[PDB]
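Remarks on the structure that follows.
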Amino acid sequence: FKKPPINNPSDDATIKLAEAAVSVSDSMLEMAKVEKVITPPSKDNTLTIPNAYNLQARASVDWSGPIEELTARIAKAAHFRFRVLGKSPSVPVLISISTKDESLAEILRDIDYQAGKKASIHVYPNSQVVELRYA
Amino acid sequence: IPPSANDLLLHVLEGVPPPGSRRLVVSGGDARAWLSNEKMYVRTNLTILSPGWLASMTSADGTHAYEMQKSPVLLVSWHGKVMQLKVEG
Amino acid sequence: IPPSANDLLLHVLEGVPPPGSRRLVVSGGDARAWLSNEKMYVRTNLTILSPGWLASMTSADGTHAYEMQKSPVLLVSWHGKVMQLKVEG
Amino acid sequence: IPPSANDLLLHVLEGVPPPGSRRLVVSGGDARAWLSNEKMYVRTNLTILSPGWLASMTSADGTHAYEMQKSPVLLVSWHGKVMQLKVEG
Amino acid sequence: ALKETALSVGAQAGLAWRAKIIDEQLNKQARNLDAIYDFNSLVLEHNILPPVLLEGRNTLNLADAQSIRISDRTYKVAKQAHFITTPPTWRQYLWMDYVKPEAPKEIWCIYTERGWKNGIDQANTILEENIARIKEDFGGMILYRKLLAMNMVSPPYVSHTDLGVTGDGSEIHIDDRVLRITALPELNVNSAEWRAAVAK
Amino acid sequence: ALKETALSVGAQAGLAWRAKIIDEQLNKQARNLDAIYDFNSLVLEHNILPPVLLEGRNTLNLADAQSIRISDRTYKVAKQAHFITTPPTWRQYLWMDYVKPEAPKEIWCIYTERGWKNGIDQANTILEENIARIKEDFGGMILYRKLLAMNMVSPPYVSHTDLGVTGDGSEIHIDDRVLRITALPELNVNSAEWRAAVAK
Amino acid sequence: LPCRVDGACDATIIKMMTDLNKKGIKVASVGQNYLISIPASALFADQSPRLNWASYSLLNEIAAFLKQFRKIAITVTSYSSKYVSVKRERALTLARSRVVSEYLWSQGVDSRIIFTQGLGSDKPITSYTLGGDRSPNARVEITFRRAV
Amino acid sequence: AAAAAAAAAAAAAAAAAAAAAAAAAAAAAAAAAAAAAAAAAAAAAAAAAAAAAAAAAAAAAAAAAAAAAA
């Protein structure tokens with residue numbers, strides 16, 4: 001033998017309150033469906049994983065501050081050259097990473113992402129150089 | 001120009017009370033609360049949901065410190081559970 | 001130039017009383033009445049017929065909100081039936 | 001320009017108390033302490049560790065003389081052992 | 001007179017008992033009321049609590065014997081949009097207050113029952129206004145999202161003045177963004193760019 | 001009332017007893033706490049006690065309805081670096097005070113047990129703040145040594161004005177070195193020379 | 001006042017734990033990871049995603065045992081022996097676990113998530129492969145971690 | 001309390017009591033995760049009772065009148 005559910009709407013008011021709950025929560029959902037701006041993954045603009053074996057090493061950083069210094073440091077942690085293209089503004093591009101254990105190509109993913117449109121990262125893995133481009 | 005935060009949130013991001021405070025006992029959750037001057041400050045790692053806070057910081061280990069007005073009940077999320085915390089003072 | 005309506009009819013078009021009111025109990029019909037300052041306001045969906053009102057609004061669902069002077073009886077139409085409602089205060 | 005030391009540390013580098021003092025009895029270690037004017041002076045050959053001193057001298061035989069504020073307990077190292085000394089006054 | 005103070009004994013006990021019963025009757029439907037009064041996913045893009053718009057259709061005012069004014073719809077901005085940190089729950093709006101009253105013949109018994117139902121339905125009217133206030137506030141935010149779609153209001157225009165490292169040497173703040181609301185959400189009267197709710 | 005002063009008798013006795021138990025419970029772990037709170041090998045090159053830096057990440061202030069300020073990290077210099085003679089132990093920060101209280105039916109017994117646990121957990125909150133204060137002060141010095149590596153603060157710049165034999169003929173001091181701190185440790189805002197904690 | 005017990009007692013926890021081990025539902029108790037392992041003979045019919053009517057009593061002290069702990073995510077995962085194919089098998093065990101978690105959140109858990117999944121004998125606890133649901137490999141397992 | 005597993009061994013802070021088999025269901029400190037969901041206070045979930053008043057009504061610190069407790 002089985003039981004009915006414990007918080008079950010087994011009551012003529014609470015069924016109306018809970019069918020209203022079902023109707024308001026899915027009406028919130030087609031809400032969130034119509035105003036959810038997305039990016040398609042064909043056109044996401046962010047970096048990929050540049051799949052070089054030096055970039056798949058095993059790192060850790062705690063930081064807030066200006067972006068060119070970390071990517072200088074993760075270039076020379078990845079044994080990569082670091083190029084900068086563009087001009088640094090007087091307000092610096094200020095990002096912050098505090099992960100104690102993740103992959104350092106995915107640092108450069110987090111770098112590009114928290115840069116956004118003030119700057120961006122390119123990786124050339126055959127040339128073994130990362131490059132930081134401003135606008 | 002607004003003020004930055006309160007810098008005493010750095011102290012209640014540690015466990016130490018503000019100078020010249022009154023202790024508030026907290027029931028039903030891991031939080032500590034002090035009342036400095038008609039404002040309470042809560043060290044927790046829970047997430048306060050209902051009564052609204054004026055300032056917040058967070059340490060390295062996910063401990064948060066909140067400046068808020070004195071409300072005798074705090075509503076938090078613990079791990080997705082809506083939870084109540086009760087303060088005297 | 002006349003005033004537009006009272007904008008507090010927007011509040012009593014919802015169920016909420018005006019700020020600083022007195023509740024009036026209503027018998028014999030689905031209405032709520034409050035008295036702000038020598039004027040009562042009635043949230044109903046019935047149609048008040050006899051004592052005359054000074055202002056009216058109506059929501060999306062046919063709920064009406066009436067500003068009128070204090071009369072101890074309201075006469076409405078319910079569904080073509082002439083009906084009486086009785087208020088104390 | 002700071003003062004050099006206190007020159008009365010020369011006297012309490014010997015065993016002699018400062019002029020116009022009060023004796024302080026010292027328990028649990030070989031030290032002598034006097035209180036001149038809201039400051040105590042300790043002749044010892046132990047090493048005072050916790051409460052911090054304002055001035056120090058040392059004689060030829062490793063006896064030290066310390067000027068410090070009045071703290072009712074002294075923590076020393078004896079021979080690598082952390083040790084407590086207790087003063088009344 | 002003793003009958004009157006018997007009624008006054010019964011009133012507050014009935015109020016506190018009815019307050020108790022509807023408090024855990026609220027707490028039995030706690031996740032359902034978070035589904036109903038979900039203010040959390042009604043807030044705007046910069047965690048701005050939306051304002052409460054009030055709709056009144058089909059309005060008359062009898063000003064005097066000589067003149068009336070009708071208007072067809074009235075939209076009012078009440079308690080304007082503002083920076084909320086954590087969104088409102090239903091529990092600030094609906095929770096009635098529980099204190100346990102510790103303050104204590106035949107006419108006493110019959111009027112403490114009529115005091116008891118007077119306390120019960122007076123607690124019911126307090127709860128009715130609490131539901132009324134949350135339905136005002138929440139449906140006003142819903143009425144914004146109608147008129148923000150329907151172009152009768154402005155969205156709020158924020159301004160983020162980014163600042164770099166900030167302060168003296170005793171205190172730094174590293175990424176110092178000051179966020180203001182410049183333009184409040186606000187009904188436009190230039191009415192040609194309005195919309196209309198036609199669906200299928 | 002007699003029940004209340006029974007509780008007040010039980011409170012201070014429970015506080016002093018709990019103070020006693022955690023004092024030799026501290027003294028049982030005395031060398032372990034010298035290992036934990038080793039301030040001695042945290043001091044700087046000229047026996048300078050390092051300052052206490054406070055980190056607060058991910059900060060919001062709701063200033064009013066119109067404006068918030070977020071900052072990502074906040075570093076505060078609290079109780080700035082200074083010449084220490086002998087380094088702090090844990091015993092100034094953690095030792096609760098033992099006095100032996102010599103000041104003395106059924107309701108008395110049950111409320112002296114509830115006074116006794118009130119004294120016990122109130123002594124526990126005093127100890128909790130003592131541990132909190134030593135964790136603030138010590139981890140602030142650790143946070144310096146992070147930021148001194150990580151170039152967000154200056155090291156202190158001492159100056160040793162050496163003097164030769166000094167004084168009149170009634171008093172000589174032979175090798176007379178005056179040591180000052182000129183530049184205090186101090187957070188730089190010129191932020192391009194900062195570092196970043198990348199390891200492997 | 002704050003509550004001492006949270007609707008549960010430790011004597012009742014070990015009373016249900018002995019009674020479930022006497023009826024053969026094996027309760028492993030490692031750290032705070034709790035495992036109750038249920039043979040699929042003791043709940044369902046053979047090679048079916050359908051409960052027997054008497055087995056909801058077995059689910060009754062399963063759910064009343066799951067009253068007693070503060071828990072965040074129960075995961076319920078089911079796997080049986082090979083019947084036709086691994087694709088039919090994984091459809092069976094997915095329906096199997098989702099049916100028993102539908103009954104478990106019909107009943108009382110204070111869990112916030114029940115994850116529920118089924119596998120195609122991909123993790124079998126013995127190499128002896130006697131038959132269908134009478135195999136001791138053919139089982140559902142309900143594992144969680146007791147929070148604080 | 002911690003019944004029939006064994007007696008209560010420790011009392012783990014930031015937790016419940018620790019029986020001498022396993023972790024018990026009885027809360028050790030005030031600051032454990034005890035499932036409060038029904039408070040009992042005047043003007044809870046608005047701000048607290050503004051204590052300076054001496055009148056008939058009970059005013060909250062958010063300047064609401066607690067008409068359910070006056």
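How things are named: the first chain in the structure tokens is A, the next is B, and so on; residues count from 1 in each chain; ligands count from 1 in the order shown.
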Same-sequence overlay, chain D on chain B, C-alpha least squares, as a tab-separated table (two decimals) with N, CA and C atoms, in the first residue's frame:
chain	number	residue	atom	x	y	z
D	1	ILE	N	29.21	61.86	-5.09
D	1	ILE	CA	30.03	60.67	-4.95
D	1	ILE	C	29.65	59.87	-3.70
D	2	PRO	N	29.32	58.60	-3.88
D	2	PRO	CA	28.94	57.77	-2.77
D	2	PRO	C	30.14	57.37	-1.94
D	3	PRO	N	29.93	56.95	-0.70
D	3	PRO	CA	30.99	56.26	0.03
D	3	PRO	C	31.25	54.88	-0.55
D	4	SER	N	32.45	54.38	-0.26
D	4	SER	CA	32.98	53.20	-0.95
D	4	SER	C	32.31	51.92	-0.48
D	5	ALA	N	32.48	51.62	0.79
D	5	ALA	CA	31.74	50.64	1.56
D	5	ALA	C	31.77	51.21	2.96
D	6	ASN	N	31.59	50.38	3.96
D	6	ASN	CA	32.12	50.77	5.24
D	6	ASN	C	33.40	49.96	5.34
D	7	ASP	N	34.45	50.59	5.85
D	7	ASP	CA	35.70	49.92	6.12
D	7	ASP	C	35.67	49.04	7.36
D	8	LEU	N	34.59	49.09	8.13
D	8	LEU	CA	34.44	48.24	9.30
D	8	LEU	C	33.90	46.88	8.90
D	9	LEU	N	33.44	46.76	7.65
D	9	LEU	CA	33.15	45.47	7.05
D	9	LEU	C	34.38	44.61	6.86
D	10	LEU	N	35.56	45.22	6.76
D	10	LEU	CA	36.81	44.48	6.81
D	10	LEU	C	37.02	43.81	8.16
D	11	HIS	N	36.62	44.48	9.24
D	11	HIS	CA	36.72	43.87	10.56
D	11	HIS	C	35.67	42.79	10.74
D	12	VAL	N	34.45	43.00	10.27
D	12	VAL	CA	33.46	41.95	10.47
D	12	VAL	C	33.47	40.95	9.33
D	13	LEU	N	34.40	41.10	8.39
D	13	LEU	CA	34.76	40.00	7.51
D	13	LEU	C	35.69	39.04	8.19
D	14	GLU	N	36.46	39.53	9.15
D	14	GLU	CA	37.08	38.68	10.13
D	14	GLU	C	36.04	38.42	11.22
D	15	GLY	N	36.39	37.66	12.23
D	15	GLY	CA	35.38	37.47	13.24
D	15	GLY	C	35.25	38.57	14.26
D	16	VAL	N	36.12	39.57	14.20
D	16	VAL	CA	36.27	40.54	15.29
D	16	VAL	C	35.11	41.53	15.24
D	17	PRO	N	34.51	41.86	16.38
D	17	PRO	CA	33.44	42.84	16.40
D	17	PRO	C	33.96	44.24	16.12
D	18	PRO	N	33.09	45.17	15.75
D	18	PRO	CA	33.49	46.57	15.65
D	18	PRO	C	33.79	47.15	17.02
D	19	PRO	N	34.64	48.17	17.10
D	19	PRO	CA	34.93	48.79	18.40
D	19	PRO	C	33.74	49.57	18.93
D	20	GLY	N	33.38	49.29	20.18
D	20	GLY	CA	32.21	49.88	20.79
D	20	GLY	C	30.93	49.32	20.23
D	21	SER	N	30.67	48.04	20.46
D	21	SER	CA	29.52	47.38	19.87
D	21	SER	C	28.61	46.80	20.93
D	22	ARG	N	27.58	46.11	20.47
D	22	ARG	CA	26.80	45.23	21.32
D	22	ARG	C	26.65	43.92	20.58
D	23	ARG	N	26.84	42.83	21.30
D	23	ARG	CA	26.75	41.51	20.71
D	23	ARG	C	25.29	41.20	20.46
D	24	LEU	N	25.00	40.54	19.36
D	24	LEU	CA	23.67	40.00	19.16
D	24	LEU	C	23.78	38.50	19.01
D	25	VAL	N	22.99	37.77	19.78
D	25	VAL	CA	22.98	36.32	19.67
D	25	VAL	C	22.15	35.95	18.45
D	26	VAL	N	22.61	34.95	17.73
D	26	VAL	CA	22.00	34.52	16.48
D	26	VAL	C	21.60	33.07	16.68
D	27	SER	N	20.34	32.75	16.42
D	27	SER	CA	19.88	31.39	16.56
D	27	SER	C	19.59	30.81	15.19
D	28	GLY	N	19.71	29.50	15.08
D	28	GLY	CA	19.28	28.79	13.89
D	28	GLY	C	20.14	28.94	12.66
D	29	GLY	N	21.41	29.29	12.81
D	29	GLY	CA	22.29	29.34	11.66
D	29	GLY	C	23.66	29.81	12.08
D	30	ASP	N	24.64	29.51	11.24
D	30	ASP	CA	26.01	29.93	11.50
D	30	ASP	C	26.19	31.36	11.06
D	31	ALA	N	25.90	32.29	11.96
D	31	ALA	CA	26.20	33.69	11.72
D	31	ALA	C	26.50	34.35	13.05
D	32	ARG	N	27.26	35.43	12.98
D	32	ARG	CA	27.54	36.26	14.14
D	32	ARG	C	27.10	37.67	13.80
D	33	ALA	N	26.48	38.35	14.75
D	33	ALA	CA	25.95	39.67	14.48
D	33	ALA	C	26.32	40.62	15.60
D	34	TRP	N	26.73	41.82	15.23
D	34	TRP	CA	27.03	42.86	16.18
D	34	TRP	C	26.27	44.11	15.80
D	35	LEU	N	26.01	44.97	16.78
D	35	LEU	CA	25.28	46.19	16.51
D	35	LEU	C	26.15	47.36	16.94
D	36	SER	N	26.58	48.17	15.98
D	36	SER	CA	27.50	49.24	16.30
D	36	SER	C	26.76	50.50	16.68
D	37	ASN	N	26.02	51.06	15.73
D	37	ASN	CA	25.24	52.27	15.96
D	37	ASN	C	24.00	52.25	15.05
D	38	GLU	N	22.93	51.67	15.59
D	38	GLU	CA	21.63	51.39	14.94
D	38	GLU	C	21.74	50.65	13.61
D	39	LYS	N	22.78	49.84	13.44
D	39	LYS	CA	23.06	49.06	12.25
D	39	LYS	C	23.68	47.77	12.74
D	40	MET	N	23.24	46.64	12.23
D	40	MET	CA	23.91	45.42	12.61
D	40	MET	C	24.78	44.95	11.46
D	41	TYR	N	25.78	44.17	11.83
D	41	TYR	CA	26.77	43.65	10.92
D	41	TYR	C	26.81	42.16	11.16
D	42	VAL	N	26.73	41.39	10.09
D	42	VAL	CA	26.60	39.95	10.16
D	42	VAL	C	27.76	39.33	9.42
D	43	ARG	N	28.55	38.54	10.13
D	43	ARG	CA	29.49	37.60	9.55
D	43	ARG	C	28.77	36.29	9.33
D	44	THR	N	28.69	35.87	8.08
D	44	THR	CA	28.10	34.58	7.79
D	44	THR	C	28.79	34.02	6.57
D	45	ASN	N	28.42	32.80	6.20
D	45	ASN	CA	28.68	32.31	4.86
D	45	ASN	C	27.39	31.87	4.20
D	46	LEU	N	26.26	32.16	4.83
D	46	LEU	CA	24.95	31.92	4.25
D	46	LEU	C	24.60	33.10	3.36
D	47	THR	N	23.46	33.01	2.67
D	47	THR	CA	23.09	34.13	1.82
D	47	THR	C	21.82	34.79	2.32
D	48	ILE	N	21.93	36.01	2.84
D	48	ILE	CA	20.76	36.71	3.37
D	48	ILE	C	19.90	37.21	2.23
D	49	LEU	N	18.60	36.89	2.29
D	49	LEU	CA	17.64	37.05	1.22
D	49	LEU	C	16.58	38.11	1.50
D	50	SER	N	15.86	38.03	2.63
D	50	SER	CA	14.72	38.94	2.70
D	50	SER	C	15.00	40.39	3.11
D	51	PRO	N	15.60	40.74	4.25
D	51	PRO	CA	15.40	42.11	4.74
D	51	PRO	C	16.32	43.15	4.12
D	52	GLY	N	17.28	42.76	3.29
D	52	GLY	CA	18.02	43.72	2.51
D	52	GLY	C	19.16	44.35	3.27
D	53	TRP	N	20.32	44.42	2.66
D	53	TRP	CA	21.48	44.94	3.36
D	53	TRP	C	22.02	46.15	2.66
D	54	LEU	N	22.75	46.96	3.40
D	54	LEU	CA	23.27	48.19	2.84
D	54	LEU	C	24.66	48.02	2.28
D	55	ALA	N	25.47	47.12	2.84
D	55	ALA	CA	26.81	46.95	2.32
D	55	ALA	C	27.24	45.51	2.50
D	56	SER	N	28.14	45.06	1.64
D	56	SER	CA	28.61	43.69	1.71
D	56	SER	C	30.04	43.58	1.25
D	57	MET	N	30.78	42.70	1.92
D	57	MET	CA	32.07	42.21	1.47
D	57	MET	C	32.09	40.70	1.56
D	58	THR	N	33.13	40.12	0.99
D	58	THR	CA	33.30	38.67	1.01
D	58	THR	C	34.80	38.40	1.06
D	59	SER	N	35.22	37.50	1.95
D	59	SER	CA	36.61	37.13	2.07
D	59	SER	C	37.04	36.13	1.02
D	60	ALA	N	38.21	35.53	1.23
D	60	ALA	CA	38.77	34.59	0.28
D	60	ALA	C	38.00	33.27	0.29
D	61	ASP	N	37.48	32.88	1.45
D	61	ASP	CA	36.85	31.59	1.64
D	61	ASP	C	35.33	31.64	1.57
D	62	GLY	N	34.76	32.68	0.98
D	62	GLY	CA	33.33	32.76	0.84
D	62	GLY	C	32.58	33.21	2.06
D	63	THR	N	33.27	33.64	3.10
D	63	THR	CA	32.62	34.30	4.21
D	63	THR	C	32.20	35.68	3.76
D	64	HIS	N	30.96	36.05	4.02
D	64	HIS	CA	30.48	37.39	3.73
D	64	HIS	C	30.28	38.19	5.01
D	65	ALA	N	30.32	39.51	4.85
D	65	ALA	CA	30.08	40.45	5.92
D	65	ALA	C	29.11	41.50	5.43
D	66	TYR	N	28.00	41.64	6.12
D	66	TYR	CA	26.89	42.50	5.74
D	66	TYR	C	26.60	43.59	6.75
D	67	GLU	N	26.47	44.81	6.25
D	67	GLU	CA	25.92	45.95	6.96
D	67	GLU	C	24.46	46.08	6.60
D	68	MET	N	23.59	46.13	7.61
D	68	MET	CA	22.17	46.24	7.37
D	68	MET	C	21.51	46.91	8.56
D	69	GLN	N	20.27	47.33	8.40
D	69	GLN	CA	19.53	47.87	9.53
D	69	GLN	C	19.08	46.74	10.44
D	70	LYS	N	18.70	47.09	11.66
D	70	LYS	CA	18.35	46.07	12.65
D	70	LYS	C	16.95	45.53	12.35
D	71	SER	N	16.92	44.29	11.96
D	71	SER	CA	15.76	43.46	11.74
D	71	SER	C	15.87	42.22	12.61
D	72	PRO	N	14.81	41.84	13.33
D	72	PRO	CA	14.95	40.78	14.32
D	72	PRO	C	14.99	39.39	13.73
D	73	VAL	N	14.71	39.25	12.45
D	73	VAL	CA	14.80	37.97	11.78
D	73	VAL	C	15.61	38.20	10.51
D	74	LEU	N	16.42	37.21	10.17
D	74	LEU	CA	17.18	37.18	8.95
D	74	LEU	C	16.67	35.98	8.19
D	75	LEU	N	16.52	36.10	6.90
D	75	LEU	CA	16.15	34.96	6.07
D	75	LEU	C	17.37	34.65	5.23
D	76	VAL	N	17.82	33.41	5.23
D	76	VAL	CA	18.96	33.10	4.39
D	76	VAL	C	18.58	31.95	3.48
D	77	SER	N	19.41	31.74	2.48
D	77	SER	CA	19.54	30.46	1.83
D	77	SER	C	20.75	29.77	2.41
D	78	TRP	N	20.58	28.50	2.75
D	78	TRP	CA	21.68	27.68	3.26
D	78	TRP	C	22.33	26.92	2.11
D	79	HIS	N	21.60	25.99	1.53
D	79	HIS	CA	22.04	25.28	0.34
D	79	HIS	C	20.86	25.11	-0.59
D	80	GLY	N	20.18	26.21	-0.88
D	80	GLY	CA	18.93	26.16	-1.59
D	80	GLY	C	17.72	26.10	-0.69
D	81	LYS	N	17.90	25.70	0.56
D	81	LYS	CA	16.84	25.78	1.55
D	81	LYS	C	16.70	27.20	2.06
D	82	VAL	N	15.47	27.70	2.03
D	82	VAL	CA	15.12	28.95	2.69
D	82	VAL	C	15.07	28.66	4.19
D	83	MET	N	15.74	29.49	4.96
D	83	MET	CA	16.14	29.26	6.33
D	83	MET	C	15.92	30.54	7.11
D	84	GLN	N	15.65	30.42	8.40
D	84	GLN	CA	15.43	31.60	9.22
D	84	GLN	C	16.43	31.64	10.36
D	85	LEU	N	16.89	32.85	10.64
D	85	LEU	CA	17.83	33.14	11.70
D	85	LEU	C	17.22	34.24	12.53
D	86	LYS	N	17.44	34.19	13.83
D	86	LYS	CA	16.69	35.00	14.75
D	86	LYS	C	17.65	35.73	15.67
D	87	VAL	N	17.53	37.06	15.76
D	87	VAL	CA	18.50	37.84	16.51
D	87	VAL	C	17.79	38.63	17.60
D	88	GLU	N	18.44	38.68	18.76
D	88	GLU	CA	17.90	39.34	19.95
D	88	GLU	C	18.74	40.58	20.23
D	89	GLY	N	18.09	41.74	20.19
D	89	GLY	CA	18.77	43.02	20.34
D	89	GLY	C	18.39	44.01	19.25
- Message: Based on only C-alpha atoms, which of the residues in chain F come within 12 Å of chain B? I want them as a PyMOL selection string.
- Response: chain F and resi 52-78+118+121-122+125-140+143
- Item | Spatial neighbours of residue 21 in chain A, max dist 9 Å, only C-alpha atoms, sep filter under 4 positions, as number ranges by chain | A: 16-17, 25-26; E: 32-36
- Message: Excluding residue 178 in chain F and its own-chain neighbours fewer than 4 positions away, which residues fall within 7 Å of it when counting only C-alpha atoms? Please give them as a list in words.
- Response: residues 160, 161 and 162 of chain F
Per residue of chain H within 10 Å of range 93-110 of chain E, what are the shortest atom pair and its distance in Å to one decimal, counting only C-alpha atoms, with rows by chain and residue number, as JSON lines?
{"residue": "H:38", "atom": "CA", "partner": "E:98", "partner_atom": "CA", "distance": 9.3}
{"residue": "H:39", "atom": "CA", "partner": "E:98", "partner_atom": "CA", "distance": 7.7}
{"residue": "H:40", "atom": "CA", "partner": "E:98", "partner_atom": "CA", "distance": 5.1}
{"residue": "H:41", "atom": "CA", "partner": "E:98", "partner_atom": "CA", "distance": 5.5}
{"residue": "H:42", "atom": "CA", "partner": "E:97", "partner_atom": "CA", "distance": 5.3}
{"residue": "H:43", "atom": "CA", "partner": "E:97", "partner_atom": "CA", "distance": 5.7}
{"residue": "H:44", "atom": "CA", "partner": "E:97", "partner_atom": "CA", "distance": 6.5}
{"residue": "H:45", "atom": "CA", "partner": "E:95", "partner_atom": "CA", "distance": 7.1}
{"residue": "H:46", "atom": "CA", "partner": "E:93", "partner_atom": "CA", "distance": 8.3}
{"residue": "H:66", "atom": "CA", "partner": "E:97", "partner_atom": "CA", "distance": 7.3}
{"residue": "H:67", "atom": "CA", "partner": "E:97", "partner_atom": "CA", "distance": 8.5}
{"residue": "H:68", "atom": "CA", "partner": "E:97", "partner_atom": "CA", "distance": 5.8}
{"residue": "H:69", "atom": "CA", "partner": "E:99", "partner_atom": "CA", "distance": 6.5}
{"residue": "H:70", "atom": "CA", "partner": "E:99", "partner_atom": "CA", "distance": 9.9}
Atoms kept (C-alpha atoms) for selection, written as a PDB file, in the first residue's frame:
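Listed below is the output, selection-v6.pdb:
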ATOM      1  CA  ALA H  38       7.997  29.878  12.098  1.00  0.00           C
ATOM      2  CA  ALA H  39       9.233  32.839  14.095  1.00  0.00           C
ATOM      3  CA  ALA H  40       7.422  34.319  17.088  1.00  0.00           C
ATOM      4  CA  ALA H  41       8.000  38.060  17.376  1.00  0.00           C
ATOM      5  CA  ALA H  42       6.223  41.378  17.201  1.00  0.00           C
ATOM      6  CA  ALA H  43       6.911  43.074  13.837  1.00  0.00           C
ATOM      7  CA  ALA H  44       9.102  40.291  12.492  1.00  0.00           C
ATOM      8  CA  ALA H  45       9.901  40.559   8.725  1.00  0.00           C
ATOM      9  CA  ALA H  46       9.294  44.218   8.957  1.00  0.00           C
ATOM     10  CA  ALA H  66       1.875  46.240  14.390  1.00  0.00           C
ATOM     11  CA  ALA H  67      -1.895  46.044  14.520  1.00  0.00           C
ATOM     12  CA  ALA H  68      -1.724  42.277  15.080  1.00  0.00           C
ATOM     13  CA  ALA H  69       0.132  42.899  18.352  1.00  0.00           C
ATOM     14  CA  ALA H  70      -1.395  46.138  19.674  1.00  0.00           C
TER      15      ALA H  70
END
Find the residues of chain H in contact range of chain G, meaning any atom within 12 Å when counting only C-alpha atoms, and list them as a PDB file with C-alpha atoms, in the first residue's frame.
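So the final result, stored in out27.pdb, reads:
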ATOM      1  CA  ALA H   1      19.640  13.050  23.440  1.00  0.00           C
ATOM      2  CA  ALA H   2      22.100  10.872  21.516  1.00  0.00           C
ATOM      3  CA  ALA H   3      20.309   7.681  22.488  1.00  0.00           C
ATOM      4  CA  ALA H   4      21.206   4.016  21.932  1.00  0.00           C
ATOM      5  CA  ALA H   5      24.066   4.440  19.457  1.00  0.00           C
ATOM      6  CA  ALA H   6      26.307   5.267  22.395  1.00  0.00           C
ATOM      7  CA  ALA H   7      26.537   8.226  24.710  1.00  0.00           C
ATOM      8  CA  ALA H   8      27.383  11.670  23.352  1.00  0.00           C
ATOM      9  CA  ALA H  12      31.112  19.604  17.535  1.00  0.00           C
ATOM     10  CA  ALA H  13      30.724  23.323  17.052  1.00  0.00           C
ATOM     11  CA  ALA H  14      29.288  24.456  13.706  1.00  0.00           C
ATOM     12  CA  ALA H  15      27.400  21.141  13.857  1.00  0.00           C
ATOM     13  CA  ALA H  16      25.089  18.997  15.979  1.00  0.00           C
ATOM     14  CA  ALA H  17      26.204  16.811  18.895  1.00  0.00           C
ATOM     15  CA  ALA H  18      28.602  13.977  18.142  1.00  0.00           C
ATOM     16  CA  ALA H  19      27.570  10.598  19.503  1.00  0.00           C
ATOM     17  CA  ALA H  20      30.193   7.926  20.114  1.00  0.00           C
ATOM     18  CA  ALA H  21      29.088   6.003  17.058  1.00  0.00           C
ATOM     19  CA  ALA H  22      28.053   8.708  14.537  1.00  0.00           C
ATOM     20  CA  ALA H  23      26.755  12.294  14.288  1.00  0.00           C
ATOM     21  CA  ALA H  24      23.562  12.771  16.265  1.00  0.00           C
ATOM     22  CA  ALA H  25      20.338  14.565  15.396  1.00  0.00           C
ATOM     23  CA  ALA H  26      20.368  16.756  18.508  1.00  0.00           C
ATOM     24  CA  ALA H  27      21.697  20.270  17.984  1.00  0.00           C
ATOM     25  CA  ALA H  28      24.790  21.172  19.996  1.00  0.00           C
ATOM     26  CA  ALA H  29      25.131  24.952  19.750  1.00  0.00           C
ATOM     27  CA  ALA H  30      22.712  27.782  19.076  1.00  0.00           C
ATOM     28  CA  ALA H  31      24.350  28.417  15.709  1.00  0.00           C
ATOM     29  CA  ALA H  32      23.675  25.098  13.984  1.00  0.00           C
ATOM     30  CA  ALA H  33      21.342  24.697  11.003  1.00  0.00           C
ATOM     31  CA  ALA H  34      18.142  24.160  12.992  1.00  0.00           C
ATOM     32  CA  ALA H  35      15.087  24.412  10.712  1.00  0.00           C
ATOM     33  CA  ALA H  36      13.428  27.542  11.961  1.00  0.00           C
ATOM     34  CA  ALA H  37      10.556  28.406   9.661  1.00  0.00           C
ATOM     35  CA  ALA H  38       7.997  29.878  12.098  1.00  0.00           C
ATOM     36  CA  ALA H  39       9.233  32.839  14.095  1.00  0.00           C
ATOM     37  CA  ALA H  40       7.422  34.319  17.088  1.00  0.00           C
ATOM     38  CA  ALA H  41       8.000  38.060  17.376  1.00  0.00           C
TER      39      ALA H  41
END
- Skip range 191-198 of chain E itself and residues of its chain fewer than 6 positions away, then list as a VMD selection string all residues within 7 Å of it, counting only C-alpha atoms. chain E and resid 150 to 152
Residue subset to file, keeping C-alpha atoms, as a compact mmCIF listing (two decimals), in the first residue's frame:
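Listing of again17.txt after writing:
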# COMPACT_ATOMS: atom_id res chain seq x y z
CA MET E 150 4.15 48.65 -24.77
CA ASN E 151 6.41 51.75 -24.82
CA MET E 152 4.39 53.83 -22.38
